[PDB]
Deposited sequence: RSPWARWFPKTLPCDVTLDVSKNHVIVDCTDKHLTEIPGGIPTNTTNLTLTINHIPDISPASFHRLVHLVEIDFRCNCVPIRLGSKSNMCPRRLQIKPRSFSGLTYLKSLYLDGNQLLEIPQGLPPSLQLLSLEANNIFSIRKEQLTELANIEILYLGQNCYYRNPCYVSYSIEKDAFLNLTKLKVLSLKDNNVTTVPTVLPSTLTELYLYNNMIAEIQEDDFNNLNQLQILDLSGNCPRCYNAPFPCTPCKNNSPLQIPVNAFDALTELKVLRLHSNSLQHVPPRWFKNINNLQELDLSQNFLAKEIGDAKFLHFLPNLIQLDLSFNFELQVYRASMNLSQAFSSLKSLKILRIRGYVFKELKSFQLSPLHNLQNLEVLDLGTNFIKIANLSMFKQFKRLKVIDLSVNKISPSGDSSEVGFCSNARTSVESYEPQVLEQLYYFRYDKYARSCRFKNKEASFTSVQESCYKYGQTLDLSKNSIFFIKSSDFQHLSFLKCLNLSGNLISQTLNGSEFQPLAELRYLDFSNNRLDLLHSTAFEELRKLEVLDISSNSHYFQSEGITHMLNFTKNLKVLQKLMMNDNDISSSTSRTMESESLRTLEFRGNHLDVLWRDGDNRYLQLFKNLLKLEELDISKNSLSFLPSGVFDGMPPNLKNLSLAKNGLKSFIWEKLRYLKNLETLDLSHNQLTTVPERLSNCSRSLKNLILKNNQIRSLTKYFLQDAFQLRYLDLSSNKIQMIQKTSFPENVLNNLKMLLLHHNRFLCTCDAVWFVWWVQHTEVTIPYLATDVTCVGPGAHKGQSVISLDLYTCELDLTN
């Protein structure tokens, strides 16, 4: 179909709507900028490569460039790879970017640059220089950036990329940048807030620095500021998973009471990890539109009980007061101030790491009349006693998170959560009791909680024989996550009281299935009349008392990580019809079941409307492809990560309906003579990570290839001799999507073509 093959090692996407010709060369092991890049290229990306220098020859013909994303070409030694370390820093010669008069964005992050690149065009609106060795900002170096709007200079002096000296900023360095909206000097060893900053700033990030005190003048002219982040200045270092140095004498970040007076348009204020002991109400005197306030990782345990500053925050949407506990005090109860009732517009409230022994209904009374409250997160508190019926006065809430607690009958601790690199809530009211010490359950525990749509009891100590009476009040429940427990299916009436249950997860409940002679009733699904999805993964199921699983509604069953090779032992025909009576079953995942072979009767004993079947990671050494005729509605068949050596003689003769066939990571050395002859329903074929040497025209007919949405042939043992004249010509001139063509579709031999891509091959010698 194509007259000229695309030999460039980059993915070229055209977007005529926004007029962008995008060339993506991300992680293509390039030591030079490749030749033949389109002249109309607007967005050129060369991220994760080993190009040692940039010169006027680099973007000589690409005058229409609007963005250059030249990131991580010489990433610092500690942040980057150790197998392929950068020998020398990126060298930018003069007049490299001056000729590109249309350049709006330029990312030169992770390149070990010592200074700000000079000679940049006046049309540049965004400049990113993160993870470099630029630790001294001078006014003369910023003169070229007259029209810059976004400027990232962070991660230039911190534990992962040290500079061994304090960050220096000349007085009024950013002042004459009259269009600067976003400025970020995060993770830089900055000692004072740089002044005078331009009034047009909308976002300012000075987090994870050595700023010990804020002056009252530091933000006197930032009347258009929306986001301010002064986190990690005098940090709370208890259990920090990174080198953490707190301020001397355990003092907090000293912020004057009138420091935020000029910030009338402030929406987000992040004071995370600042060792604050008090929050003065005077801070929020002129801040009426504050929507997000993060006060996590401070010493505000006593302040949570008084918190007079909450009366000055009626438009606050998000409030975070996590990990504020007194280092050596295990409180008896949580004391929330009555001022929390004045937070009329609050939707999310997170108070993790408060650390208290007992939660009571009256302790959450300041939160009763907060009509817009959606999320109440009291996780990681080590709560031992909590009457779950107290949440009957919180029916309007979407999520009630009590995860990681001791109730019985990396986000807040990571150094930089916005670091740049080179679920059942949709069902309704969720009550998360995951990672808890609940060992026994009864109907009275879930009393007055009939409104719940999802209950996550994952990671608990429940080692009970459920008989259909432990969740009687949970009538509206649609999702129950019972994973990482010790479910004992002695009675087939387990879970029957949950009549509106659509999804049940009983994965990683292997305990009773590991010991011999224990009764297991897998026929418990018959009583659940509206169950759509069931997961019983990693349960090590090798035996069952019941021979059949019945259900008139189940559409998806995940039986991964079990021992169906033991149940379907050759000669034992008892469990071959285990999934047959699941009449509406469309998806069955029976991967990771040690099935070296499939006995006769497994295909006949499959349900009638089965569409997607996965036999992946089983170690299958043989497969009777002709047996796929029994599976009349088969669309997807996943046989990845197996030891299969051959493909069927004629795939169309094995299955009339098969659309998607995944054979990746197998021992296939050759395809049959007429493999895809008349396979008209086939739309996707994966033969990657195999040992295929030759592919002929008869095996891949054109009428079948043209209907394919994608064909994967990468990581194969292709021999590129004159016998492979058809395959090399077809691959080069086809319009079929074949991923990784110019990076992992390689000739293993003969001699000269070893390690060469098939897309850049020229077999003119085979026709003289």
Gaps in the model (deposited sequence, numbered from 1): 1 to 4, 414 to 440, 454 to 467, 814 to 817
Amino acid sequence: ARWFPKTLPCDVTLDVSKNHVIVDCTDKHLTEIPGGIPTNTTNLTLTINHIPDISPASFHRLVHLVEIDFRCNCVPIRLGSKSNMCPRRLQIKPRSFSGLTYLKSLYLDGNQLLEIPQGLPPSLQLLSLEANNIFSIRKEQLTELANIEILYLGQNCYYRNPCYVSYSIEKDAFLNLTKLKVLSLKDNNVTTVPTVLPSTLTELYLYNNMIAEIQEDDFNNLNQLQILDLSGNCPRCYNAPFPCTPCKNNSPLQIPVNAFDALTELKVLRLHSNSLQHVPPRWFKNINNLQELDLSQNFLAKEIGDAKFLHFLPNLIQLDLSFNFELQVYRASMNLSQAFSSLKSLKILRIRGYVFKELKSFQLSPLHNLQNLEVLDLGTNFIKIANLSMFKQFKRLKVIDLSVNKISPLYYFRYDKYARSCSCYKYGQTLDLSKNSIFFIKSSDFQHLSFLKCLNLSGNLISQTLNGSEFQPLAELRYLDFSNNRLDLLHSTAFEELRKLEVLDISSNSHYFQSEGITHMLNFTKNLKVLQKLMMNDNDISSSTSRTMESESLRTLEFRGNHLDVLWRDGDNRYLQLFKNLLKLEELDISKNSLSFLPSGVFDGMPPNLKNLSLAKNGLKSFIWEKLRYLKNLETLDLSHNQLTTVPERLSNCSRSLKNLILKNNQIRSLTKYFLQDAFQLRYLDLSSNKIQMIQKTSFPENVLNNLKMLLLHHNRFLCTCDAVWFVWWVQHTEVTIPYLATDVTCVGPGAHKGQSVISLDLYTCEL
From here on, numbers count along this sequence of modelled residues.
Mean C-alpha B-factor comparison - 294 to 302 and 89 to 97, higher one: 89 to 97
70 to 78 or 177 to 185, whichever carries the higher mean Cα B-factor: 70 to 78
Per the PDB entry, maximal CA B factor within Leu477, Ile383, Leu103, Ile227: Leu103
Among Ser510, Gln141, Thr430, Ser483 - the residue whose C-alpha B-factor is largest in the record: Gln141
Chain third (lowest, middle, highest) by recorded CA B-factor, residue given as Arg560: lowest
Entry-reported Cα temperature factor of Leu364, expressed as the chain third it lands in: highest
CA B-factor placement of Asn315, once the chain's modelled residues are sorted into thirds: middle
Among modelled residues of the same chain, the CA temperature factor third for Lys417: highest
Third of the chain, ranked by Cα B-factor, where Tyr411 sits: highest
